[PDB]
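Notes follow the structure.
Positions are given from 1, in the same order as the sequence printed here.
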Amino acid sequence: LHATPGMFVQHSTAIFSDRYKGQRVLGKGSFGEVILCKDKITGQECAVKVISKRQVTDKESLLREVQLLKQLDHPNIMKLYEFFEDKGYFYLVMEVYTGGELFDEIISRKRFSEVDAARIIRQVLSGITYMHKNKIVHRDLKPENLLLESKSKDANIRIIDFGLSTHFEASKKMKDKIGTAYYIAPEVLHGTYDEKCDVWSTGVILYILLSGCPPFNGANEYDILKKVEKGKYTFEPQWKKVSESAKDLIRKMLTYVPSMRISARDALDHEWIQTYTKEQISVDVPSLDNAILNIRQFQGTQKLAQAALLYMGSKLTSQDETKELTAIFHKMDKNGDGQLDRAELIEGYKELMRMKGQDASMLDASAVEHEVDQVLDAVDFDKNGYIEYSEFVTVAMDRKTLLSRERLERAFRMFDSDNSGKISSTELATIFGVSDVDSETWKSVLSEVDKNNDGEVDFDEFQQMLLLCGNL
Ligand SMILES: Nc1ncnc2c1ncn2[C@@H]1O[C@H](COP(=O)(O)OP(=O)(O)NP(=O)(O)O)[C@@H](O)[C@H]1O
Ligand SMILES: [Ca+2]
Ligand SMILES: [Ca+2]
Ligand SMILES: [Ca+2]
Ligand SMILES: [Ca+2]
């Protein structure tokens, strides 16, 4: 029973209009197709893409895209909350990003300084390192598909639009000639390729950030593709002030032969990306102490509670609500790939001890390793060996703060699929995407939670489960 944020995406049995209220339109696309909506229960704002069935094989491709978004949890990848379908429409309910496309920043300035470009490309590369590690290739990276989270000058980047994305395998190469002319890798046009195609597109973006201009240009799509296919580019007047390090990274990402082209991971490790700032994220002792405290108290959580907390943490908390936790996550993620590993958690504990002025030799040699092994197992909801962003936020967040009245109510209705007012073992099975929950799993829920002995969990019991007979 692996819990992931993606298991909640298509799980509601409710109709869209019973969960969301439309406000204003959003974006610069066809009018009314993306709408800012409010969650009727929590008040959470979201961006809804409404697709008419008149406008979509196409149904299959939309579903594939939803399936891919359900498998990705990363601070630089768009978050999908929910997906609804009715007789007339599909509704893609997404986290709202209000800073506009990177494309619009580009066309409103001459070019980016190296430091501003490095911050952007570092985030893109974190996103794609993570994607590639999860066997997913984007295939349409470009500035139109990179949204800034807000208008704040320090807004993060989110990779959007997975409409061309697919899984890839080591054994079988990809063949579909798919992409956008300025950004598409030559081997994609030749028709045999792998995930290095995303690295090339990111190299094109970087070249544009630093110069203002595409490396392969021309009067029309046909002319652009002819330059792309040859692969010849030049650093031809702005380039005189650009550092040798920046050029070196571009040379490596626009390396023509794909077997010789740098990987996303190695590009994330490039000296230009690694050393563009020495500024440290500010995290005070009390916030880190509290986060660690919360994480280490999580062992022993039963399966209904676990799924309910992950739902609330991964779907019902905004960026504003999780500011402090997000900073701690990025500080602990030493290799900047947007996932926490065993070695990174170990270092996080040693960091905390140093910060608190604790003497580390007062513990057994492997005390920290033993701690992290227990903690990691417990907090790794999908058991893939990493702490993803949403797993981290869920567990590290102050529990009383997470368990608001509205979040509790939303979470209960999400589990109670038939609206009977009680959660059954079979509703537990369905949320985890399995046929049946075994007797031991359900019995361990009931022995703690089923206070009236009826074999199901009502709203009262569900609140008490999470809150000392708490009820909001
Ligand atoms: N999660 C989001 N939050 C806020 N705005 C978004 C989000 N996703 C897309 N938009 C914007 O809504 C507009 C249309 O979105 P989308 O439906 O993705 O466009 P499209 O059909 O792919 N072609 P285009 O709209 O020209 O990019 C664009 O301005 C997007 O930037
Ligand atoms: Ca990491
Ligand atoms: Ca995990
Ligand atoms: Ca029920
Ligand atoms: Ca009961």
Between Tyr386 and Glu388, a side-chain donor and acceptor under 3.5 Å: no
Stepwise side-chain contact (heavy atoms from CB on, under 4.5 Å) check, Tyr311 with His11: CA-CA 11 Å; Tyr311 177 57; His11 190 69; over 6 Å; no
Main-chain N/O of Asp377 paired to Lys383 side chain as donor or acceptor, under 3.5 Å: yes
Spacing of NZ belonging to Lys356 relative to CD1 belonging to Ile292, to within rounding of 0.5 Å: 9.5 Å
Heavy-atom side-chain contact between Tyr81 and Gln44 under 4.5 Å: yes
Ring centers of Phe235, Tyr233 separated by less than 6.0 Å: yes
Validation row, ring centre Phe381 to ring centre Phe298 under 6.0 Å: yes
Main-chain N/O of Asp140 paired with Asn145 side-chain donor or acceptor, under 3.5 Å: yes
Test log, rule side-chain contact (heavy atoms from CB on, under 4.5 Å), inputs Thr192 and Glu187: CA-CA 6 Å; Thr192 314; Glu187 69 266 18; over 6 Å; no
Test side-chain contact (heavy atoms from CB on, under 4.5 Å) applied to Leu403 and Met312, step by step: CA-CA 8 Å; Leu403 306 170; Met312 293 180 278; 3.5 Å; yes
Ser126 side chain to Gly336 backbone, donor-acceptor under 3.5 Å: yes
Validation row: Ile159, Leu146 side chains within 4.5 angstrom (heavy atoms): yes
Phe415 side chain reached by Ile431 side chain, heavy atoms, under 4.5 Å: yes
Any donor-acceptor N or O pair under 3.5 Å, side chains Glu85, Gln10: no
Residue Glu144 excluded, over 12 heavy atoms near CD under 6.0 Å: yes
Residue pair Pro75 / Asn156, side-chain heavy-atom distance below 4.5 Å: no
Cationic N near anionic O, under 4.0 Å, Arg354 to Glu347: yes
Check against salt bridge (charged side-chain N to carboxylate O under 4.0 Å, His left out), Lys227 and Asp223: CA-CA 7 Å; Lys227 272 162 184 215; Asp223 286 1; over 6 Å; no
Separation of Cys213 SG from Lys110 NZ (nearest 0.5 Å): 13.0 Å
Parallel, tilted or perpendicular, as decided by the 30° and 60° cut-offs, for the rings of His74 and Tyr130: tilted
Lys49 (side chain) donor-acceptor with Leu92 (main chain) under 3.5 angstrom: no
Residue that, paired with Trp200, satisfies ring-ring contact (aromatic ring centres under 6.0 Å, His included) out of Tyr183, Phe216, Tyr193: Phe216
Any donor-acceptor N/O pair, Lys151 side chain to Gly100 backbone, under 3.5 Å: no
Side chain proximity check, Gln339 to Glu344, heavy atoms < 4.5 angstrom: no
Straight-line distance of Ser201 OG to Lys142 NZ, nearest 0.5 Å: 10.0 Å
Check: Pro286 main-chain N/O paired with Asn290 side-chain donor or acceptor under 3.5 Å: no
Test item: side-chain donor near acceptor, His270 and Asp248, under 3.5 Å: yes
Parallel, tilted or perpendicular, as decided by the 30° and 60° cut-offs, for the rings of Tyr91 and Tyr89: tilted
Inter-residue atom distance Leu141.CG - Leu125.CG, 0.5 Å rounding: 9.5 Å
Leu225: partners by side-chain contact (heavy atoms from CB on, under 4.5 Å), with sequence neighbours left out: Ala181, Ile184, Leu189, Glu221
Salt bridge (charged side-chain N to carboxylate O under 4.0 Å, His left out) between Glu351 and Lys334, intermediate numbers included: CA-CA 12 Å; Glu351 181 53 42; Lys334 296 303 210 210; 5.4 Å; no
Pairwise side-chain contact, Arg139 with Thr166, heavy-atom cut-off 4.5 Å (strictly under): yes
Closest heavy-atom pair and its distance - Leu26, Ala47: CD2-CB, 3.6 Å
Pairs flagged by ring pair (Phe, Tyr, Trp, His ring centres under 6.0 Å) wherever residues 318-349 is involved - sequence neighbours left out: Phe329-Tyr389, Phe329-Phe392
Heavy-atom closest contact (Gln306 atom, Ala3 atom, distance): OE1-CB, 4.3 Å
Side-chain ion pair, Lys173 and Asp194, N-O less than 4.0 Å: yes
OG1 on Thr322 to CE on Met397, rounded to 0.5 Å: 7.0 Å
Shortest non-hydrogen contact from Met7 toward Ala307: CE-CB, 4.1 Å
Heavy-atom donor-acceptor pair, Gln274 side chain to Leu268 backbone, under 3.5 Å: yes
Residue pair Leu36 / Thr98, side-chain heavy-atom distance below 4.5 Å: no
Name of the residue among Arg64, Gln71, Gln67, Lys135 meeting side-chain hydrogen bond (donor to acceptor under 3.5 Å, both in side chains) with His167: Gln71
Salt bridge present between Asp337 and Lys133 (N-O < 4.0 angstrom): no
Reported CG-to-CD distance for the pair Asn76 and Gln123, which is rounded to 0.5 angstrom: 4.5 Å
Test log, rule side-chain contact (heavy atoms from CB on, under 4.5 Å), inputs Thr4 and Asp73: CA-CA 9 Å; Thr4 61; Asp73 181 57; over 6 Å; no
Whether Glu82 side chain and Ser12 backbone form a donor-acceptor pair below 3.5 Å: no
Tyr182 side chain near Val228 side chain, heavy-atom distance below 4.5 Å: no
Option from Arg413, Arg405, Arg407 for which side-chain hydrogen bond (donor to acceptor under 3.5 Å, both in side chains) with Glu409 holds: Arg413
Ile262 backbone acceptor or donor facing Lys252 side chain under 3.5 Å: no
Under-4.0 Å salt bridge between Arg119 and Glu279: no
Test: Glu95 and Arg158 ion pair at under 4.0 Å: yes
Flag, side chain of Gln280 to backbone of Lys278, donor-acceptor distance under 3.5 Å: yes
With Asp39, the salt bridge (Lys or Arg N to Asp or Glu O under 4.0 Å) member among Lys315, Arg410, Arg19, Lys21: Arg410
Minimal non-hydrogen separation, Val188 against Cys197, with atom names: CG2-CB, 3.7 Å
